[PDB]
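I have placed the structure first, in the form of structure tokens, so that the comments after it can refer back to it.
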Number of protein chains: 2
Amino acid sequence: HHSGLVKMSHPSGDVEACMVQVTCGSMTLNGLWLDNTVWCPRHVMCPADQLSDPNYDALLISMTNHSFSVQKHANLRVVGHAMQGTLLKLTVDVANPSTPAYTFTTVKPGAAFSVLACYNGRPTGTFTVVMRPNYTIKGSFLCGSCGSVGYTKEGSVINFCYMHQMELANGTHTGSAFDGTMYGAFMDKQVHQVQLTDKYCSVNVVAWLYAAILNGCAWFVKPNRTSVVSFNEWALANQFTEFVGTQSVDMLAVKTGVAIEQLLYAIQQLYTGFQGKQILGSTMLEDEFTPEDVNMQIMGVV
Amino acid sequence: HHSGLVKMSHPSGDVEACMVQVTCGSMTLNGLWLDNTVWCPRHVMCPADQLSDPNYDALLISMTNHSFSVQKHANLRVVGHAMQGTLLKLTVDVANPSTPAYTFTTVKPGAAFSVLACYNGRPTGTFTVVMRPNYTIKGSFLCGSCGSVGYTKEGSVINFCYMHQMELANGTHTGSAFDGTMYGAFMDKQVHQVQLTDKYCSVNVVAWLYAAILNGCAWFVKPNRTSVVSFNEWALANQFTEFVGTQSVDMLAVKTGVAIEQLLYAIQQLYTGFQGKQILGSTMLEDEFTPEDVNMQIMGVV
């Protein structure tokens, strides 16, 4: 029985109309054109032959407005340049007439967001990811994809949360918030960097087990219960995040009549082994679907 | 090590500008507005209290142009109505100024395509699926989503291949081609229908194993070989599709130096058990990624 659960992205049209190409010297990547501002990663200033441990403060000073070329696939004349953390803020002379209603925000581990992968200012695909507990995402990014953006949507308002910067040695990806900070302890330097350990997102595992119940698959449900506090102590020893419930999890508990604390116990047992049984066609726990995804795609509740 | 492989959809903007709401009597669903034509599922004519085994020929005759209301979220005046298989073809007085370059086509089992899920003429998410060997897809569709469309893209040209019609008892979905035929032996009737058995898509499994090698995971590779002909005889007895190679598979064979016939042997062995080992973090074979996906997302080859 198919769960009805898929990796679902926001429609990308509104963001598509905001993507531009930014070139500086030997380097080309993507930017995001909102109002009179173009945001892009600051390593566009960096000579393609010196991306290792660059001095961005000095590269910045060396640039003038004419050092930047912004192109929509039109030329947008740059009339101002600034650096905020790991991002540039270029002011251009034309405001984007397709600028949507938007905010900036910072996404938290466990939460999902949509990504528009672009090359040369040209959108090429969209996908959705969860921010891992070690502040990477498991994306699909190649050379020339920096500046691609990740975003959520609430109603008509687009909440930009991510601008892609780099790949780590283990094939996962990270980038910046639009306040210029990198997610995690990462730096936009092409050198060896420690990576924090990943973890299962307990809340998303709970969501997944609820999805299974909503699909009639409930063999893992016993009357036994672990409290939230005792789960969280267990979790620290076991590479799960600590669980923090939400209203969306409460809704699932109500629709199913199965308590969070019964699924926490179930997780503790399934972690040691499924024992031949499957769950929604899987033999390991799934933490890539959020309580919100389950509520929306299975129950029609946004 | 993350493969770099994700479920990737085309950017949806071009199709978003083609979606409308179609209402007839008690029923509302989505349509696709290209040129002066709006396509939508024919059960929009069916009284919401009689969707079981309807007589569409008689419902059709009972309609006039004013029986249909088309709305873009504008009102498009209907000046012609026709039925082609399981689809209506409404002619409207305004041509869609955002009509992209397009074709119609029919997607084949194993092949991937992007879906724009809409409700009330309003796009709400996008995702990508593979056409299963029993001519269902594992989608995420609720009431009011009929008329959502699936499509591929070649360059700038959008190839429409699917208009959503129904959910089956096992939670999978099917619909029509734009020639009006349903995929498989399905009928657009809300009654019990046999369902063919699903199968692993051998070609996509081969793609997946190649992806694993490209990510450094090659323990399942032995010098042993099964020919294509002997695999295909095995496959019929084992709920795999018969394998049919393509140029995109040949490219992967060349990049890796590992022959198709070595991975066919590997599949025959992994089918009986992985034996504790994993493959790209999975303990079962994966057939949701195509040779094209692997070439594009891992190697930069379209």
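As a basis for the values below, the full set of heavy atoms in this structure was taken, side chains included, without hydrogen atoms, waters or symmetry mates. A, B, ... follow the sequence lines: proteins, then strands. Residue 1 opens every chain.
Taking the six-membered ring wherever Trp is involved, the centroid distance between the rings of B:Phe243 and B:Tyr200 does not fall below 6.0 Å. A centroid separation of 6.0 Å or more is found between the aromatic rings of B:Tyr102 and B:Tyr151.
Using a 4.5 Å heavy-atom cutoff, the side chains of B:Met19 and B:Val149 are in contact. You'll find the side chain of B:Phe289 reaches within 4.5 Å of the side chain of B:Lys7, heavy atoms only. In this structure, the side chains of A:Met27 and A:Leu51 come closer than 4.5 Å at one or more pairs of heavy atoms. Using a 4.5 Å heavy-atom threshold, the side chains of B:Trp208 and B:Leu280 count as touching. Taking the side chain as every heavy atom from C-beta outward, B:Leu34 and B:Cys18 approach each other to under 4.5 Å. Using a 4.5 Å cut-off on side-chain heavy atoms (C-beta onward), A:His43 and A:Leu29 make contact. A:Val129 has its side chain within reach of A:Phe113: a pair of non-hydrogen atoms, C-beta onward, lies under 4.5 Å apart. Looking at B:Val107 and B:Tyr162, their side chains never come closer than 4.5 Å, going by heavy atoms from C-beta outward.
Although no hydrogens or angles enter the test, the distance criterion places a donor-acceptor pair under 3.5 Å between the side chain of A:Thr124 and the main chain of A:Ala117. A donor-acceptor contact shorter than 3.5 Å is absent between the side chain of B:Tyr271 and the backbone of B:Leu285. Remark: side-chain polar atoms of A:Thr23 are not paired, donor with acceptor, to backbone N or O of A:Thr28 under 3.5 angstrom. Judged by distance alone, with hydrogens and angles left aside, the side-chain atoms of A:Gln165 form no donor-acceptor pair with the main-chain N or O of A:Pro41 at under 3.5 Å. Side-chain atoms of A:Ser26 come within 3.5 Å of backbone N or O of A:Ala48 as a donor-acceptor pair. Between the side chain of A:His10 and the backbone N or O of A:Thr152 there is no donor-acceptor pair closer than 3.5 Å. With hydrogens and angles ignored, the 3.5 Å screen pairs no side-chain donor or acceptor of B:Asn215 with any backbone N or O of B:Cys217. Using a distance-only test at 3.5 Å, with no hydrogens or angles considered, no donor-acceptor pair links the side chain of B:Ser230 to the main chain of B:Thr226. Of the possible donor and acceptor atoms, one in the side chain of B:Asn295 sits under 3.5 Å from a partner among the backbone N and O of B:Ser248. Checked by atom type and distance alone, the side chain of B:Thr272 pairs as donor or acceptor with a backbone atom of B:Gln269 at under 3.5 Å.
In this structure, the separation between SG on A:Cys118 and CG on A:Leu116 is 4.0 Å, given to the nearest 0.5 Å. If you take OG on B:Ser145 and CG on B:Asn30, they are separated by 7.5 Å, rounding to the nearest 0.5 Å. Rounded to the nearest 0.5 Å, atoms CG (B:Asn170) and CG (B:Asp198) are 8.5 Å apart. Distance OG1/B:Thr106 to OH/B:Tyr183: 5.5 Å, rounded to 0.5 Å. For the atom pair OG1 (A:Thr172) and NE2 (B:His1), the distance works out to 9.0 Å, reported to the nearest 0.5 Å. In this structure, the separation between CE on B:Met296 and CG on A:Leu142 is 11.0 Å, given to the nearest 0.5 Å.
Closest approach of B:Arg132 and B:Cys201 over heavy atoms only: NH2-SG, 4.2 Å. The two residues B:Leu252 and B:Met299 have their closest heavy-atom pair at CD2-CE, 3.5 Å. Across B:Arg225 and B:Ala259, no two heavy atoms sit closer than the pair NH1-CB, 3.5 Å. B:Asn96 and B:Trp33 make their closest contact through ND2-O, 2.9 Å (heavy atoms, listed as atom of the first residue, atom of the second, distance). When every heavy atom of B:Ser202 is checked against every heavy atom of B:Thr241, the shortest pair comes out as OG-O, 2.6 Å. In terms of heavy atoms, A:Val205 sits closest to A:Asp287 at CG2-CB, 3.7 Å.
A:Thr136 and A:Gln195 share no side-chain donor-acceptor pair at under 3.5 Å. At a cut-off of 3.5 Å, with distance as the only test, no side-chain donor of B:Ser12 or B:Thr126 sits close to an acceptor on the other residue. The closest side-chain donor-acceptor pair between B:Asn204 and B:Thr290, if any, does not fall under 3.5 angstrom.
Scanning for side-chain hydrogen bond (donor to acceptor under 3.5 Å, both in side chains) contacts around B:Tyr135 gives an empty result, with sequence neighbours left out. For the side-chain contact (heavy atoms from CB on, under 4.5 Å) test, residues two or more places apart in sequence or in another chain that qualify with B:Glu167 are B:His173. For B:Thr37, the side-chain contact (heavy atoms from CB on, under 4.5 Å) criterion is met by B:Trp39, B:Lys89, not counting sequence neighbours.
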TODO: Please report the C-alpha distance between B:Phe220 and B:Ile213 in whole Å, then the side-chain angles of each, then the deciding distance to 0.1 Å, and finally whether the side chain to side chain contact (heavy atoms under 4.5 Å, CB included) criterion is met.
DONE: CA-CA 9 Å; B:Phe220 53 82; B:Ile213 302 169; 3.8 Å; yes
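In summary, of the residues considered (B:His164, B:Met131, B:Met182), a side chain to side chain contact (heavy atoms under 4.5 Å, CB included) with B:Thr174 occurs for B:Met182 alone. Checking each of B:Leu236, B:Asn232, B:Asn238 against B:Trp234 for a side chain to side chain contact (heavy atoms under 4.5 Å, CB included) leaves exactly one that passes, namely B:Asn238.
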